[PDB]
Amino acid sequence: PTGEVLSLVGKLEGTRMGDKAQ
Amino acid sequence: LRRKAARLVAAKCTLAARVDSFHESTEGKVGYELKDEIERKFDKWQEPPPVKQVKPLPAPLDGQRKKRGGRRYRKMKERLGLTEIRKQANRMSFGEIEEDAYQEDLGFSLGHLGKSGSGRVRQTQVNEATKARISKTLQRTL
Amino acid sequence: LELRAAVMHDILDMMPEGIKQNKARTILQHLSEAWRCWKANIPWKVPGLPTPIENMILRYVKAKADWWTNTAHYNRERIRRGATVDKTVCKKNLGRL
Amino acid sequence: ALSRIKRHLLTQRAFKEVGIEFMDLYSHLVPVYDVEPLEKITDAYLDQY
Amino acid sequence: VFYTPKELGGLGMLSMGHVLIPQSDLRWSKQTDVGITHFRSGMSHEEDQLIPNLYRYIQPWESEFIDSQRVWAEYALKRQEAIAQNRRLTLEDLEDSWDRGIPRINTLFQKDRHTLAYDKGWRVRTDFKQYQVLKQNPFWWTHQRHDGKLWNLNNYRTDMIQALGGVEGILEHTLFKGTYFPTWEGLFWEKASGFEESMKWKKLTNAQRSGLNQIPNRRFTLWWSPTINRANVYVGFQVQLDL
Amino acid sequence: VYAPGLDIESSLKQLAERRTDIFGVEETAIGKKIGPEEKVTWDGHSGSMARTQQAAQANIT
Amino acid sequence: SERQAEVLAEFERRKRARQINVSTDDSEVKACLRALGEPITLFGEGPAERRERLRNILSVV
Amino acid sequence: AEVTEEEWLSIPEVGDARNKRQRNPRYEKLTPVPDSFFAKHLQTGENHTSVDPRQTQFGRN
Amino acid sequence: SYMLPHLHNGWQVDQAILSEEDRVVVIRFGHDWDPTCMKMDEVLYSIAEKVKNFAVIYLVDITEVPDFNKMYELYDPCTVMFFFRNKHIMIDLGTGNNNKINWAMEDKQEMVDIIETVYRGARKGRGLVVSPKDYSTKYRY
Amino acid sequence: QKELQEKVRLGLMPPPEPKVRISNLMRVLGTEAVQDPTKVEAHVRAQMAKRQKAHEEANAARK
RNA sequence: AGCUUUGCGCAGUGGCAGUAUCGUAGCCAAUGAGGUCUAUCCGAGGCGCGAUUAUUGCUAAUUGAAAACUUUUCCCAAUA
RNA sequence: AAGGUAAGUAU
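Residues numbered from 1 in each chain as written, not as in the entry; some residues may be left out. Chains lettered and ligands numbered in written order. Part of a larger assembly, values for the part shown. Heavy atoms only, no water. Residues with missing side-chain atoms left out of burial classes, pairs and counts.

Structure determination for this entry, per the PDB record, employed cryo-EM and reached 3.1 Å resolution.

Visitor: Got a sec to walk through the overall build of chain F? Specific residues and values, please.
Guide: Within chain F, the secondary structure is distributed over two helices and zero strands. Projected onto its principal axes, the C-alpha positions of chain F cover 50 × 35 × 25 Å. Here chain F holds 61 residues, and the buried ones make up 28% of them. As displayed, chain F offers around 4,300 Å² of accessible surface, 53% of which is attributable to carbon and sulfur atoms. Mean positive and mean negative side-chain charge positions of chain F (7 and 9 charges, respectively) differ by 4 Å. (Helix = DSSP H or I, 4+ residues; strand = E, 2+ residues; numbered from the N terminus. Buried < 20%, exposed > 50% of the residue type's maximum accessible area, 1.4 Å probe, protein only. Areas by Shrake-Rupley, 256 points an atom, 1.4 Å probe, with all protein chains shown as cover. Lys, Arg positive; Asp, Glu negative; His and termini not counted. Charge placed at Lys NZ, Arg CZ, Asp CG, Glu CD.)

Visitor: Tell me about a positive patch on the surface, and please be specific about residues and values.
Guide: A surface patch of positive charge is lined by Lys55, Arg65, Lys67, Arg68 and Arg72 of chain B, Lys202 and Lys203 of chain E together with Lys20, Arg21, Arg26 and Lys29 of chain H. Residue position: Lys29 of chain H is located in the loop between α2 (20-23) and α3 (35-43). (Patch = residues over 30% accessible without salt bridge, like charges linked within 9 Å, V, L, I, M, F, W, Y side chains within 5 Å. Salt bridge = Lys/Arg side-chain N within 4 Å of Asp/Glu carboxyl O.)

Visitor: Residues and numbers for the interface of chain E and chain B, please.
Guide: Chain E puts 33 residues into the contact, and the matching count from chain B is 24 residues. On the chain E side of the interface with chain B, the three residues burying the most area are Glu7, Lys191 and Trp201 of chain E, jointly 24% of the side's total. In this structure, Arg157 of chain E and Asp100 of chain B form a salt bridge, with 3.5 Å as the shortest nitrogen-oxygen distance. If you look at where chain E meets chain B, you find twelve residue pairs in polar contact. (Contact = heavy atoms within 4.5 Å. Buried area = accessible area lost by both parts, 1.4 Å probe. Polar contact = N/O pair within 3.5 Å; in protein donor to acceptor, adjacent residues only side chain to side chain.)

Visitor: Can you tell me about the interface of chain A and chain E, naming the residues and giving the values?
Guide: Residue-level contacts link 16 residues of chain A with 14 residues of chain E. If you sort the residues of chain A by the area they bury against chain E, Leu12, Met17 and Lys20 of chain A come out on top, with a joint share of 39%. Linking chain A with chain E are one salt bridge, by the criterion used here. We note a salt bridge from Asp19 of chain A to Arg56 of chain E, for which the minimum N-O separation is 3.5 Å. For the pair chain A and chain E, the number of links is three residue pairs in polar contact. Looking at the side of chain A that touches chain E, its residues break down into seven nonpolar, four polar and five charged. (Nonpolar A, V, L, I, M, F, W, Y, C, P; charged D, E, K, R; others polar.)

Visitor: Any chance you could break down the protein's contact with RNA strand L for me, citing the residues and the numbers?
Guide: By nearness alone, 17 residues border RNA strand L, and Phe237 of chain E together with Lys87, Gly94, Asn98 and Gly127 of chain I come closest of all. In RNA strand L, atoms within 4 Å of the protein come from the sugar-phosphate backbone in 43% of cases. Interatomic distance of 3.2 Å between a backbone N/O atom of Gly96 of chain I and a base oxygen of RNA strand L. With respect to RNA strand L, the backbone of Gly127 of chain I contributes an N or O atom lying 2.9 Å from a sugar or linking oxygen. Class assignment of the residues belonging to the surface near RNA strand L gives a composition of four nonpolar, eleven polar and two charged. (Near = heavy atom within 4 Å.)

Visitor: Let's hear about the arrangement of the chains: which residues, and what values?
Guide: Of all 15 pairs of chains that touch, the greatest number of contacts is found between chains B and E. In this view chain E stays clear of chain F, with the nearest C-alpha atoms of the two still 23 Å from each other.

Visitor: An account of the pairing of strand β3 (residues 55-61) of chain I is needed here, citing residue identities and associated values.
Guide: Residues and elements named next belong to chain I. Within β3, seven of the seven residues are buried, leaving the element largely enclosed by the surrounding structure. Two elements, strand β1 (residues 6-7) and β3, share two bridges in a ladder whose sense is parallel. Looking across to β3, one finds that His6 is bridged to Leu59. When strand β2 (residues 24-30) meets β3, the two strands line up parallel, connected through seven bridges. Across the sheet, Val25 pairs through a bridge with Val56, a residue of β3. A crossover connection joins β2 to the parallel β3 through helix α2 (residues 35-46); in handedness this β-α-β unit is right-handed. (Pairing = 2+ DSSP bridges. Right-handed = clockwise from strand over helix to strand, strands pointing away.)

Visitor: How would you sum up the packing of aromatic side chains? Please name residues and give values.
Guide: Taken as a whole, this structure holds 28 aromatic pairs over all chains when the rule is applied. For the pair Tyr102 of chain B and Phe108 of chain B, a centre-to-centre distance of 6.1 Å together with 85 degrees between the ring planes defines the contact as edge-to-face. Look at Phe108 of chain B and you get partly exposed, because its relative accessible area is 25%. Relative to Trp141 of chain E, the ring of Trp61 of chain E has its centre 5.9 Å away and its plane inclined at 80 degrees; by these criteria the two rings are edge-to-face. Separated by 80 residues along the polypeptide, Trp61 of chain E in helix α1 (residues 61-84) and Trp141 of chain E in the loop between α2 (122-128) and α3 (144-147) bring together distant segments of the chain. A residue is classified by how much of its surface remains accessible, and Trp141 of chain E, at 29% relative accessible area, is partly exposed. Grouping aromatic residues by their ring pairs yields a cluster made of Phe94 of chain B together with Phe176, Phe181, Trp189 and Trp223 of chain E. The ring of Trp45 of chain B has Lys4 of chain B lying over it, and the distance from NZ or CZ to the ring centre is 4.9 Å. One residue, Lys64 of chain C, lies across the ring of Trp35 of chain C, its end atom 4.3 Å from the ring centre. (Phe/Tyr/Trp six-rings, centres within 6.5 Å; stacked < 30°, edge-to-face > 60°. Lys NZ or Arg CZ within 6 Å of the ring centre and 35° of its normal.)

Visitor: Outline the sheet that holds β1 of chain I, supporting the account with residue identities and numerical values.
Guide: Residue and element names in this part refer to chain I. Spatial strand order, β1-β3-β2-β4-β5-β6: six strands in an open sheet with mixed pairing. The sheet is open, and its two edges are formed by β1 and β6 (128-130), each paired on a single side. Pairing between strand β5 (residues 88-92) and β6: three bridges, direction parallel. Directly across from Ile91, in β6, lies its bridge partner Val129. Relative to the sheet, α2 contacts β2, β3 and β4 (78-83), its axis offset from that of β2 by approximately 155 degrees. (Axes fitted to C-alpha atoms, helices over the stretch in contact; angles between N-to-C directions.)

Visitor: Describe the protein's contact with RNA strand K, naming the residues involved and giving the relevant values.
Guide: Taken together, 44 residues surround RNA strand K, and among them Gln64, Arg72, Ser135 and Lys136 of chain B together with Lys20 of chain H come closest. Each atom of RNA strand K within 4 Å of the protein belongs either to a base or to sugar and phosphate, the latter forming 52%. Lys44 of chain B places a polar side-chain atom, nitrogen or oxygen, 3.4 Å from a sugar or linking oxygen of RNA strand K. In this structure, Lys20 of chain H approaches RNA strand K through a side-chain N or O atom, which is 2.5 Å from a base nitrogen. Looking at the surface near RNA strand K, the elements with two or more residues in it are α1 (2-20), α2 (29-45), α3 (71-80) and α5 (136-141) of chain B, α3 (47-60) of chain G, α2 of chain H together with α1 (2-9) and α3 (37-62) of chain J.

Visitor: For the packing of helix α1 (residues 2-14) of chain C against helix α3 (residues 51-81) of chain C, give the residues involved together with the corresponding values.
Guide: Residues and elements named next belong to chain C. For the pair α1 and α3, interaxial distance at closest approach is 10 Å and the crossing angle is 170 degrees. Between α1 and α3, the interaxial angle falls into the category roughly antiparallel. Together, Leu3, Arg4, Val7 and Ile11 of α1 and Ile53, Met56, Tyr60, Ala63 and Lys64 of α3 make up the contact between the two elements. The residue inventory of the contact of α1 with α3, partitioned by class, reads seven nonpolar, no polar and two charged. (Parallel < 35°, antiparallel > 145°, perpendicular 65-115°, else oblique.)

Visitor: Explain the nonpolar core residue by residue, including any values.
Guide: Residues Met8 of chain C together with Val26, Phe82, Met111 and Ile115 of chain I are the most contacted members of the largest nonpolar core, which totals 64 residues. The biggest single contributor to this core is helix α4 (residues 108-123) of chain I, with seven residues. When residues no more than four places from it in sequence are discounted, the contact partners of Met111 of chain I are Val26, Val43, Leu44, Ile47, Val80, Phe82 and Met105 of chain I. Counting 23 residues, the second-largest nonpolar core is a separate cluster that includes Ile21, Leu153, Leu171 and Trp223 of chain E. (Core = buried A, V, L, I, M, F, W, Y, C linked by side-chain atoms within 4.5 Å.)

Visitor: Can you tell me about the environment of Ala63 of chain C, naming the residues and giving the values?
Guide: Residue and element names in this part refer to chain C. Among the secondary structure elements, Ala63 is positioned in helix α3. Exposure remark for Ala63: the relative accessible area of 31% places this residue in the partly exposed category. Sequence separation between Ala63 and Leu3 is 60 residues; the distance between their C-alpha atoms is 8.1 Å.

Rendered as structure tokens:
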């Protein structure tokens, strides 16, 4: 809720980088 | 400062040689009368620059100043006034997200130019009064 | 600033200013041009400048140039490391480098 | 323009001064050179050719 | 206010990070004949809305190269049969392979594809452009005309609008409902005012020009005023305007 | 715009009399000069104009 | 009105001044000023100011 | 102490080498980019519906 | 610092503020020896000639002239204050103190901009002018 | 030119009227050429002829 | 006697340019200004400073004004 | 603890 951009080191690492791209 | 010195010394040497070819001024009165003025010219060229007053920034300006209008003013307004294509450039459609056009600058966008919603069926033409051309002094160099 | 103040104070103290007060500002102007002539890497040789005055102006220019070089290098290393600095500081340091 | 370019390539050996600035990358300085546009056209055509 | 695309008044920020949208920001309300009705966006019992990450919307280099090789072999075959049948690729045969290869298939249909064939050493020249222009080029390694556009943000912007609750969810944060426009369809911004743009060239002082470059911000704050000027986001006392 | 020669010289000497880390021999603090009557000043309040004025008058010998 | 008369008089005086031939030699200008009685210099006037003053005097005279 | 009063008076005034065009340059007018730049940016993105037979991987009303 | 004109008593400051009718009087309250004051005074000396048409700069020693310490709160190491037609002019600097500039500014252009804005606003009759730069942050990055 | 300007300043001569040609008619007399277009055309052409009349008169008197 | 060449004024018509025109009791200059082509050759103004809406006037709108605002002893609280 | 003072006439 703070709106602060949190680092995704270890966060959202399950998904590949090819997801949601066409 | 050596090419100018060479030209001046060559001219004075030509004068001295013309004097000498007739065996006039054997002692060298003309030679010294030319050498001392050569030194005077050299000193004048190397003279320290004079004192130049600093121009203060103009006072901030308030009120009205009457400006003339005419053929010159009309031409200046046509060159500087808003053009139809440059009018469409600064209009961005609301809610219609457009794909990025220029890779090097994402801020750059054509706006309504070339995009649906501008209300112009035909393509806007280039105002030839905004043509870029060289200055007058740059024409002289050419 | 301290170097300029000290040099000007010394010159004006030794100046027999009972008759030549109006030269004081002129003196500072020399202390500028010499410095500029060092910063511009151009020759500086005032013909009418007395030898002791020129010698002290040269000493001032040398001291200020040493401080200038050291400050420029120190600020550049600060910026390279990541020291938090202002925009005007960055522009001045870029000019010095 | 092409005739002027070829004339510069053949006969021009002296050129005007070029300005220098320094792009500050905050880790080093990258020199940046401002050349006269009239010589810039010739240099660009020469590079392309 | 940050990740809303510039067309809707936002800054259009691209996020390479993890930002959560509070659910309280995904609520809006509209008035109709039966009165006022309130809407949310997250019907599914999921977590708070998470803005799309510029992470996922870029194809990796290895997959990009595999796609390039496959697509260019396919194009070689298609051209081979095109020559035999005395026909040319009509932009419809190359529909399955449009934005795939490293030299994007877009470039084959580029209007100036004949003058660019005589452009040699363009990557070296683009790299060396840093010694002539006083601005660093992030895309120093590639040319849009020669190499194509090797990325697409259509899906990213689509998912960014979807994650923020769409137009209805985004515009509840804005003064749009205060303008009483019946709909958002036939609407357009004006980036520069009729007079503000005329002052860009009128011999203004440095102080006079510096204050005139902050005019767009005065509009941005107005666009997002119902959200920036809030008690939740700015804790403290409140002062009312004198009139 | 600038001070005359006398004013420049006097200001330089006054500055030297305080910055003893640059000038002089002994070194005191930055602002100290080394090495009764207290003037009454208005506080800027309309209620204290009369008392301040009279105190200024009362300080004349 | 006499105001119109004096304005017209000044205008025609200036018009005549625009067509009077005056020597450019400073020595001759000084000699003429000596002959006509007016002082050589007035409030630190330059040679061009002296020429203008001689022209004005010859216009009135 | 070895600089005499005449030598002190002989100190020259400092002048500026750069001329009028550098000391007090005229205002640098800013002008808009020509419309042909908008036109040329608009020409790009218009793609042919067909490709040449020789093109390879590396080159109305 | 030692080049700008100096005011030696409260009456001189009064007359300096009163005398100017078409220019903003810029007064630096402080000490010549104060390092912050030396930076501010050297910036003022740098821009002293450029703002001659619409500004006059004076220097006041608060130790020598403590006459305005109580009313003007001249207790910071350096203070720059603007007056126009015998009227103190406030500046919305964003620092929370609109009555004065109480820090040394490095860039000489920013001071010129502040003086120019003060002159414009005061000639328009305003008593508060919004500075072109917001000084709530030193913009250090 | 200064002689003429000071004559106009002091009211000796009437202030100069704008010089109007056919291409200039819609800029100087534009608002009055919609009400009485032919009167405006006649006035403009009379001014043009008078400008031509003075030139030919000077040429003939000088010849 | 017609025609015609050059320079110079005076006008008339038309076109183009407004990053430029102008000033010099400042200096220098055909006894050589100034030189990247082609230099045992080229031959004219240059430099400094000053003026300006990048030549200067009028004409007519608009704004700022200007003319005015009660341009005249209020409040919190105390007692009769 | 702040970086959140509209300014202006009038008594």
